[PDB]
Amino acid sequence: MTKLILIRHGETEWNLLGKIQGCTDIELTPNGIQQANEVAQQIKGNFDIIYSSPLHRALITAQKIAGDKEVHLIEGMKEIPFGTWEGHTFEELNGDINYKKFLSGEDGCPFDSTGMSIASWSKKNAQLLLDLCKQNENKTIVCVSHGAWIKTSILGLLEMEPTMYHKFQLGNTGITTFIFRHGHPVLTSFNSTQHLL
């Protein structure tokens, strides 16, 4: 009866350009607002409580989804910091030794020079979501957040290795869901985007 619904925020201009956002706070494009309205009509108020990253691309997506419910801001749902990667394209990072390790799995896949990795984030974010699921036991819970944050959460919840991150692709307003069996998370959908036109 506990269902966790992770939803990636709608499109921003930097998503169009393939520029890494991290801690930047870029606004939705008009199309991303529409993606938000699209996912909102799909979810049609079929959830008990909704949480969001406070960054605007997420919050505005959440406010579209929420209907008559309050969006609860969660600081720990903000996007993963990407350090000096922010503002770059992944193509521009080929020289960077950290970027090699992010691909290969060394040091658990560092996010630039942030001192954090896919591995450490997996565990941290999975733990936040587990505590949320305990607080909201037997509810359907929507969390609106970011690409990197959601993918590390997936890995941490299912206890996958960090280079599995590069084998999941998550789109704007992609829907990802979990249920619990014997208290253990089970993935019931990943990046569902059929609501878009």
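We number the residues from 1 along the sequence you see.
Student: According to the deposited model, is the average Cα temperature factor higher in 138-146 or in 41-49?
Tutor: In the deposited entry, the stretch with the higher C-alpha B-factor mean is 41-49.
Student: Is the mean CA B factor in the deposited entry higher across 86-94 or across 107-115?
Tutor: Here the higher of the two C-alpha B-factor means belongs to 86-94.
Student: Can you tell me which third, lowest, middle or highest, the CA B-factor of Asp25 falls into for its chain?
Tutor: Answer is lowest: the recorded C-alpha B-factor places it there.
Student: Tell me, lowest, middle or highest third: where does the Cα B factor of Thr176 rank within its chain?
Tutor: CA B-factor rank for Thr176: lowest third.
Student: Based on the entry's values, in what third of the chain does the Cα temperature factor of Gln34 lie: lowest, middle or highest?
Tutor: Highest third, going by the recorded CA B-factors of the chain.
Student: Please say which third, lowest, middle or highest, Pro162 falls into when its CA temperature factor is compared across its chain.
Tutor: It belongs to the middle third of the chain when residues are ordered by C-alpha B-factor.
Student: If you rank the chain by CA B-factor, which third does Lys64 end up in: lowest, middle or highest?
Tutor: As the PDB entry reports it, the C-alpha B-factor of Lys64 lands in the middle third of its chain.
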